[PDB]
Structure formats: C-alpha cells, structure tokens
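Some notes on the structure that comes next.
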Protein chains: 6
Amino acid sequence: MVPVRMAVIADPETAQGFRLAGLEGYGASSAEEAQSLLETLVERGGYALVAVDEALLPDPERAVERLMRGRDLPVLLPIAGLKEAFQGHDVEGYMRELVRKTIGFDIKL
Amino acid sequence: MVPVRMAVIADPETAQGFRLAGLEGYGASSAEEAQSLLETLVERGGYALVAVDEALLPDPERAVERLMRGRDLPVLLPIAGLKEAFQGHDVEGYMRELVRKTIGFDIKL
Amino acid sequence: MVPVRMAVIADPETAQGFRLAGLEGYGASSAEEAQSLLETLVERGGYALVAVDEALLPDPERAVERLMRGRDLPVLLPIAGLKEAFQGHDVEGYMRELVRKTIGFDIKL
Amino acid sequence: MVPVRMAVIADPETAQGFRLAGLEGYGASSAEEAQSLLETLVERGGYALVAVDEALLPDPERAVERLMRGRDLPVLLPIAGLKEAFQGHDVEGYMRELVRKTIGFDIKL
Amino acid sequence: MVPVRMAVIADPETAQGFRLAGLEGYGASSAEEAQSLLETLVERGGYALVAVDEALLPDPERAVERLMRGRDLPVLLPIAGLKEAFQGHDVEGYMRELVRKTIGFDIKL
Amino acid sequence: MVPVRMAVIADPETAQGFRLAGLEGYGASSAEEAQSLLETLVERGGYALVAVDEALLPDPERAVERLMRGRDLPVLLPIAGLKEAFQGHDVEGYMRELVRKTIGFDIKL
Ligand SMILES: [Ca+2]
Ligand SMILES: [Ca+2]
Ligand SMILES: [Ca+2]
Ligand SMILES: [Ca+2]
C-alpha cells in the first residue's frame, strides 16, 4: 500500500505557509503560470492529488487537456514492407534511405 | 550533437532480423501490442523516431493521441479557501477534511 | 514474509479512488486499453495479483495467452557439432557463416 | 544501432573454448540447465541470437513455447463492481476480503 | 541477527499460493526442471533453505551431487616461471604465446 | 565479439609487474590465498582464463574440485503435503512449524 502524495499550488505567500507546515506547496501568481506547474507534477508522477487555489485553476478541464499535450514524443513513421530490408545487405543503410525518403531527413544515426 | 536513436516495431520474426542487424527492433503481433511498446519507449525516453510496420500503426495520429493522453491523472482539485487553512493550527488535518468533504473519498495523508 | 504486491485495473475515476486510498490503481476505458495496460505492467515483474474490472476483461484466460505470446525472443539456433568451430583459427567468422547458412540473416558480430 | 550479441550454450569444455575465442559461451550438462540458461539470457535481455548444441535441445518448438510461458504468472482476477470499494472507508480491508472470497486465498497486503 | 531466507519449489498452482501468502514460491512440473531451479537459486546465492515438494525431488542426494557440477569455471593454467615474462618487453604478447603454447588457443586480449 | 578476460595469480611483486604492463595481476603469498582469489574470480564470473604460478597451486585438480564442490549450500528439504499449508489459514506459520518439524531447528523466518 502506497504513500499518497499531494501537491498544493497557491499564491507564493500561501505556499510558503504550506511549506512551513510540512506540505508540498508551490507558488504561482497567475493561472497560465500555474498550468505549467501542473504539467511538471503529472510529469514527475509522484502525486495522487494537486490542490490548486481556484483563482489559479478556473478551468480544470482545459488544464487537463493541456498537460497531456506537453508530452514530447518521438516522430512515428508508418512503413509499408519493412521485410524488404533483408532483401539486401546494408539494412541500416536501407532504413537511413527509407527514412530520408519519407520525412526528408538525414536523421543522424 | 546528440545521438539519434531510432527504434523499429515489426512482426516478431522481422523484429528479430532487425536486432540481428544491430537495429533496435521490437516485435508485436497486433496494433494494441504496438501501442503498449510505444508507451514503454516513450516512458524510457531517448528515441527521436519509431518506425512501425504500417499494418501495426495504420493511424500515427490516433496512436499519438493515446501517448499524450493515456495518463492516469491525479484528482485535480480547485479549492475555494486555502488561505483559511492557516486559521487553525493543524493544516494537515484541515486539508485532509477539505478533500474528504469535497470528493468524498478520504485521502491518505 | 515478503510483501505481496497487487495492482488494480479499472474505470479511470475508480482507479483515482484506489490511488487516494493508498492502493496501486490504474485507469482504463476499454478492454484494449486494459490489455495494453496489462502488457506494460506484466513485464514490470513486481505484481503478484492483478484485480481487473470484469467489464474490461471478458476473458481472463485468453488475456493470459496474449501476454505470454508478447515476449521478445532471441533467435534460437540449435547446432550440431558446435565444437568443430575450433578446427580452424577463426571461430567468430565460422559462426557468422554458420548463422548465415542456417538462417539467411548475416549477423553483425 | 546497438551491440549485436550472441550467446552459445554448449557442453562445459566447449563453452570454455568459446570464451577463449572471444564469444559468450555458457556451459550446460543437461537439457534442463540449457533451458534455464535460455530463460536467464532472455530475462537479462541483450541477446539477438542464442546458439545451442543440439544435443542439449530436445525440441526447439517446445523450448520457445516454455520461454513464451516463462513470463511467470501474476494471478488475474476479474471483478464485477470495483466501484463499491468506496461505500465504506476500508478500501484495503474490502480488497483483501473480496480477494479471499474469490480466489479462495488470503492475501498479504 | 538476520532472517533466514527460504524458497519453496512446488507445482505452479501451489507456488502461486505461497507467493500470495508472502513467501518465495517457484513453480516446476518435473524432477529435472526442479533441479534446474535449484541450480539457478544456488548460483544466485541468497537462500539458506529450499523446501521442495517431494514429487519434484525424488532423489535429493543426487540433487546436491549435481548442483556442485554446474558451476562454469575459467580455464585454470598453472605456469612455471611467470617472472621470465619481464625479461622481454611485450608481456601481453609473451602471455599470448604462452597460453597458445599450452592449450592451443589464440586468446583475444 | 567480446574482450577475453584473463587473470594472473602470482607472487606479490610479479603480480605488481603484470599490472604495470596492463594485465590483470593478483598477488598471493600462499596456496590458500591463491585459492581464495580463484573463488573470488569464479564468483565475479567474467574470466575465460586464470594463469597461476605453479608454486601456488599444489594440486590443480584439487583446486577445481574445491571450485565446483565447495561453496556453502542451502539445506535441501523434500516435503510431503505443501498443498496442505493453505488449507490451514496461516501458511507462514504452518511453514515455520513444518521445517522445524522436519530438520529440528526453529528457523528464523
Ligand atoms: Ca513538450
Ligand atoms: Ca489509463
Ligand atoms: Ca513483443
Ligand atoms: Ca554451467
């Protein structure tokens, strides 16, 4: 059974009070500015709950939408006939070309 | 100049061929296996690119939408009086009741 | 005693409840996402039991078998007369050639 | 692009010879010691190819089938109404008891 | 003072049940498979006792006998006059030629 | 194709000279210091080869026999009726009693 871990986002004064009382408080002074803090926490995904002063989280739904979309992803390339990289003998080569011809990259392998 | 790391998702025999060639090949026998491989690769972190047999990724956009999304989220909680939680002299107790009052679920702090 | 580690896979809001309560819940919205979850999980060897919402696991037998079949395997090459590789002065090259005769894939040793 | 690694499973003396020659040889004196080495190599994870002295491999289809079944089972327990672990505030109690009804087993959480 | 580490080897269903109870159960279905399991545990090192279903250990003296003949060893080469290697300036080359003079093998150092 | 690892066990100053020339020298001043070092190298696991000064190796077949046939074993306990440990209600303690029962030793589990 696991530690439940909770973050609190409030105004910087208030967050310092939270800190001094033994809780995990984070200062934010505007909303957008809170939202970025949230991605960072759902990032470092210790937390079961983030309590946010409501003036700093007026649209809970929209904030959710945005964190999810800050995930840096690799490029994904679908390919027809991967099998045919074994037809010859520079497989690495064949993929370097394959990719280069698809996305225009001399992807730096 | 950072290293470009590429992974390859193909049918299991094809994935074996890539690995024998010194490429990072991973085998999957279906769409949903491919997607779970994507999450593992994302979770791990250093891939600029995943190349996927397109019978296993017919829809890079859908797949991307699940990587950004998949996330289990924290209960995100906008709270109307965090500042009042310094009025008493047990902040930890006040906050525990504030969650319980609110979302019904008692939280384990 | 050694702990017993359990995971619970459920509807996304019930999963958050499990987290708040100190258990190790995971949200999933369909049967797919749920086996995609399983996959991701079952390679993280720690869990002894997995409790899954009946709705997201209409067949606990077949879900097993999918997961068994998901393991990436080295190519297994039985060889007669492995020892012959020491008749000459080139075991690496002997082996690379043996692999190629046998499996067609020219391994990069 | 990565190190291409092969292991060789042979009789102890032969395995010593391969290790002298720069290859990763493991010695086995029975089929089961080889099957155990296969599983260990696989669970370690870095091998594209495993060569095995045929005299050590009674049935290579079977040996794969065992590696596929060798992921080593987290008991799986489909459950009707997980939601209602929030009727009363002992989510854990409920779980250990439910599990005990279902699986006929106590569990140590 | 430090708790005695014990493993249990039993048929897979039972082995699963010992795990749910917090104990270290490992599943096997034959005398040979089980001896393999003894050897992996023995090599792996931390156990003071292994309790084995007798159906899986019908000959436990022969079992000991074997555990202690599965250890992979280096080739052990006694040499006269190892010093004399310091008289002519290519110690590594001297040693290469030595080993080859004694066992036939050109070693890759 | 991997680097071949060799060690050299010789008198302390000869071993220092092996190190100054880039080889893996280990000093021993007695037969029993030499046998310790072999055990330590065997136990690390890499070495294709261990060259030992003959003066430190009174009996090489004894040396090998001690390597195989000497490391400290797990007591090995065949048991009748392990299944019967669940059909109590306290497996952990039913097991404490059953091993004491047998060997005589209230072992520290
Ligand atoms: Ca981003
Ligand atoms: Ca989820
Ligand atoms: Ca796979
Ligand atoms: Ca061995």
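Ligands are numbered from 1 in the order shown, chains are lettered A, B, ... in the order of the structure tokens, and residues start at 1 in each chain.
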
With DSSP run on the backbone, what are the strand (DSSP E or B) residues within region 6-74 of chain F? I'd like them as JSON, numbers by chain.
{"F": [6, 7, 8, 9, 10, 24, 25, 26, 27, 49, 50, 51, 52, 53]}

Keeping only C-alpha atoms, write the selected residues to a file as a compact mmCIF listing (two decimals), in the first residue's frame.
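See out04.txt below for the written result:
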# COMPACT_ATOMS: atom_id res chain seq x y z
CA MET F 6 42.28 -13.31 -18.16
CA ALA F 7 43.73 -13.06 -14.70
CA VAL F 8 47.20 -13.93 -13.44
CA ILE F 9 47.74 -15.06 -9.79
CA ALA F 10 51.41 -14.81 -8.78
CA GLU F 24 45.06 -8.24 -14.51
CA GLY F 25 47.52 -9.45 -11.87
CA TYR F 26 46.52 -10.58 -8.36
CA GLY F 27 49.15 -11.12 -5.59
CA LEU F 49 41.25 -17.95 -18.10
CA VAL F 50 43.27 -17.83 -14.82
CA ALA F 51 47.01 -18.28 -15.15
CA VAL F 52 48.51 -19.27 -11.69
CA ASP F 53 52.20 -19.59 -10.73

Here's a check: after a least-squares fit over all in-order C-alpha atoms, write chain F in the frame of chain A, as a PDB file with C-alpha atoms, in the first residue's frame.
ATOM      1  CA  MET F   1      -0.639   0.505   2.174  1.00  0.00           C
ATOM      2  CA  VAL F   2       1.395   3.425   0.743  1.00  0.00           C
ATOM      3  CA  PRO F   3       1.502   7.230   1.713  1.00  0.00           C
ATOM      4  CA  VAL F   4      -0.803   9.464  -0.284  1.00  0.00           C
ATOM      5  CA  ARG F   5       1.005  12.224  -2.048  1.00  0.00           C
ATOM      6  CA  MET F   6      -0.679  15.579  -2.538  1.00  0.00           C
ATOM      7  CA  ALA F   7       0.616  18.871  -3.819  1.00  0.00           C
ATOM      8  CA  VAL F   8      -0.777  22.375  -3.394  1.00  0.00           C
ATOM      9  CA  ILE F   9      -0.154  25.074  -6.077  1.00  0.00           C
ATOM     10  CA  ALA F  10      -0.845  28.570  -4.712  1.00  0.00           C
ATOM     11  CA  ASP F  11       0.454  32.070  -4.683  1.00  0.00           C
ATOM     12  CA  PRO F  12       4.137  32.217  -3.477  1.00  0.00           C
ATOM     13  CA  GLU F  13       3.568  33.171   0.144  1.00  0.00           C
ATOM     14  CA  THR F  14       0.639  30.843   0.665  1.00  0.00           C
ATOM     15  CA  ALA F  15       2.791  27.972  -0.786  1.00  0.00           C
ATOM     16  CA  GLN F  16       5.597  29.018   1.752  1.00  0.00           C
ATOM     17  CA  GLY F  17       3.064  28.573   4.527  1.00  0.00           C
ATOM     18  CA  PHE F  18       2.069  25.169   3.282  1.00  0.00           C
ATOM     19  CA  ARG F  19       5.715  24.176   3.448  1.00  0.00           C
ATOM     20  CA  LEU F  20       6.181  25.553   6.977  1.00  0.00           C
ATOM     21  CA  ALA F  21       3.259  23.286   7.992  1.00  0.00           C
ATOM     22  CA  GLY F  22       4.864  20.146   6.426  1.00  0.00           C
ATOM     23  CA  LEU F  23       2.808  20.103   3.175  1.00  0.00           C
ATOM     24  CA  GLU F  24       4.066  20.004  -0.384  1.00  0.00           C
ATOM     25  CA  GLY F  25       3.425  23.578  -1.523  1.00  0.00           C
ATOM     26  CA  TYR F  26       4.550  24.993  -4.887  1.00  0.00           C
ATOM     27  CA  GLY F  27       4.444  28.775  -5.622  1.00  0.00           C
ATOM     28  CA  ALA F  28       2.966  30.109  -8.853  1.00  0.00           C
ATOM     29  CA  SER F  29       2.320  33.709  -9.795  1.00  0.00           C
ATOM     30  CA  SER F  30       0.414  33.084 -13.006  1.00  0.00           C
ATOM     31  CA  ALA F  31      -1.790  30.595 -14.682  1.00  0.00           C
ATOM     32  CA  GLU F  32       0.999  29.531 -16.931  1.00  0.00           C
ATOM     33  CA  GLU F  33       3.385  28.958 -14.010  1.00  0.00           C
ATOM     34  CA  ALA F  34       0.720  26.809 -12.474  1.00  0.00           C
ATOM     35  CA  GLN F  35       0.189  24.757 -15.576  1.00  0.00           C
ATOM     36  CA  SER F  36       4.071  24.215 -15.837  1.00  0.00           C
ATOM     37  CA  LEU F  37       4.132  22.901 -12.287  1.00  0.00           C
ATOM     38  CA  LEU F  38       1.252  20.531 -12.994  1.00  0.00           C
ATOM     39  CA  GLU F  39       3.163  19.152 -15.966  1.00  0.00           C
ATOM     40  CA  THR F  40       6.277  18.743 -13.836  1.00  0.00           C
ATOM     41  CA  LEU F  41       4.224  16.818 -11.110  1.00  0.00           C
ATOM     42  CA  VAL F  42       2.427  14.734 -13.698  1.00  0.00           C
ATOM     43  CA  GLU F  43       5.757  13.844 -15.210  1.00  0.00           C
ATOM     44  CA  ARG F  44       7.293  12.861 -11.777  1.00  0.00           C
ATOM     45  CA  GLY F  45       4.323  10.497 -11.407  1.00  0.00           C
ATOM     46  CA  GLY F  46       3.542  10.017  -7.669  1.00  0.00           C
ATOM     47  CA  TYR F  47       0.683  12.438  -6.691  1.00  0.00           C
ATOM     48  CA  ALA F  48      -2.772  11.227  -6.028  1.00  0.00           C
ATOM     49  CA  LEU F  49      -3.973  14.827  -5.879  1.00  0.00           C
ATOM     50  CA  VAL F  50      -3.085  18.447  -6.837  1.00  0.00           C
ATOM     51  CA  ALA F  51      -4.992  21.176  -5.031  1.00  0.00           C
ATOM     52  CA  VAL F  52      -4.703  24.511  -7.034  1.00  0.00           C
ATOM     53  CA  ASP F  53      -5.881  27.990  -5.975  1.00  0.00           C
ATOM     54  CA  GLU F  54      -8.861  28.723  -8.349  1.00  0.00           C
ATOM     55  CA  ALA F  55      -7.341  32.141  -9.205  1.00  0.00           C
ATOM     56  CA  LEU F  56      -4.526  30.284 -10.956  1.00  0.00           C
ATOM     57  CA  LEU F  57      -6.715  27.937 -12.927  1.00  0.00           C
ATOM     58  CA  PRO F  58      -8.811  29.825 -15.465  1.00  0.00           C
ATOM     59  CA  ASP F  59     -10.290  26.684 -17.063  1.00  0.00           C
ATOM     60  CA  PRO F  60      -9.718  23.258 -15.300  1.00  0.00           C
ATOM     61  CA  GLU F  61     -10.963  21.132 -18.215  1.00  0.00           C
ATOM     62  CA  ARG F  62      -8.548  22.986 -20.388  1.00  0.00           C
ATOM     63  CA  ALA F  63      -5.905  22.265 -17.825  1.00  0.00           C
ATOM     64  CA  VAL F  64      -6.569  18.488 -18.019  1.00  0.00           C
ATOM     65  CA  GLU F  65      -6.845  18.630 -21.791  1.00  0.00           C
ATOM     66  CA  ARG F  66      -3.355  20.195 -21.924  1.00  0.00           C
ATOM     67  CA  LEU F  67      -1.989  17.440 -19.530  1.00  0.00           C
ATOM     68  CA  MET F  68      -3.306  14.608 -21.730  1.00  0.00           C
ATOM     69  CA  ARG F  69      -3.202  16.108 -25.022  1.00  0.00           C
ATOM     70  CA  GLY F  70      -0.102  18.338 -25.229  1.00  0.00           C
ATOM     71  CA  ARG F  71       3.236  16.777 -24.468  1.00  0.00           C
ATOM     72  CA  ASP F  72       5.675  16.614 -27.519  1.00  0.00           C
ATOM     73  CA  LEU F  73       5.215  13.535 -29.748  1.00  0.00           C
ATOM     74  CA  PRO F  74       7.547  11.090 -31.714  1.00  0.00           C
ATOM     75  CA  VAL F  75       6.775  11.337 -35.481  1.00  0.00           C
ATOM     76  CA  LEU F  76       4.849   8.109 -36.244  1.00  0.00           C
ATOM     77  CA  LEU F  77       5.686   6.384 -39.384  1.00  0.00           C
ATOM     78  CA  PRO F  78       3.807   3.333 -40.786  1.00  0.00           C
ATOM     79  CA  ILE F  79       6.269   1.519 -43.234  1.00  0.00           C
ATOM     80  CA  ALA F  80       5.787  -1.053 -45.955  1.00  0.00           C
ATOM     81  CA  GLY F  81       8.606  -3.615 -46.331  1.00  0.00           C
ATOM     82  CA  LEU F  82      10.805  -3.343 -43.250  1.00  0.00           C
ATOM     83  CA  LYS F  83      11.776  -6.991 -43.878  1.00  0.00           C
ATOM     84  CA  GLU F  84      13.409  -5.759 -47.021  1.00  0.00           C
ATOM     85  CA  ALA F  85      16.045  -3.822 -45.027  1.00  0.00           C
ATOM     86  CA  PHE F  86      18.119  -6.965 -44.265  1.00  0.00           C
ATOM     87  CA  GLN F  87      17.912  -8.301 -47.767  1.00  0.00           C
ATOM     88  CA  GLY F  88      20.254  -5.436 -48.476  1.00  0.00           C
ATOM     89  CA  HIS F  89      23.569  -5.616 -46.522  1.00  0.00           C
ATOM     90  CA  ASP F  90      23.471  -2.341 -44.522  1.00  0.00           C
ATOM     91  CA  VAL F  91      20.200  -2.055 -42.501  1.00  0.00           C
ATOM     92  CA  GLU F  92      21.289   1.139 -40.726  1.00  0.00           C
ATOM     93  CA  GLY F  93      21.579   3.065 -43.994  1.00  0.00           C
ATOM     94  CA  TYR F  94      18.783   1.430 -45.860  1.00  0.00           C
ATOM     95  CA  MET F  95      16.798   2.799 -42.875  1.00  0.00           C
ATOM     96  CA  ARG F  96      18.308   6.321 -43.088  1.00  0.00           C
ATOM     97  CA  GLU F  97      17.225   6.387 -46.749  1.00  0.00           C
ATOM     98  CA  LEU F  98      13.772   4.930 -46.164  1.00  0.00           C
ATOM     99  CA  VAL F  99      12.822   7.586 -43.517  1.00  0.00           C
ATOM    100  CA  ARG F 100      14.279  10.422 -45.438  1.00  0.00           C
ATOM    101  CA  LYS F 101      12.464   8.812 -48.381  1.00  0.00           C
ATOM    102  CA  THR F 102       9.148   9.087 -46.689  1.00  0.00           C
ATOM    103  CA  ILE F 103       8.887  12.121 -44.482  1.00  0.00           C
ATOM    104  CA  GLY F 104      11.557  14.118 -46.341  1.00  0.00           C
ATOM    105  CA  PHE F 105      14.207  14.846 -43.715  1.00  0.00           C
ATOM    106  CA  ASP F 106      17.685  13.381 -43.751  1.00  0.00           C
ATOM    107  CA  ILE F 107      17.390  12.589 -40.055  1.00  0.00           C
ATOM    108  CA  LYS F 108      20.419  12.519 -37.804  1.00  0.00           C
ATOM    109  CA  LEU F 109      20.624   8.810 -36.863  1.00  0.00           C
TER     110      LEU F 109
END

If DSSP is run on the backbone, what residues of chain C are helix (DSSP H, G or I)? A reply as a ChimeraX atom specification would be ideal.
/C:12-20,31-42,54-56,60-68,82-86,91-103
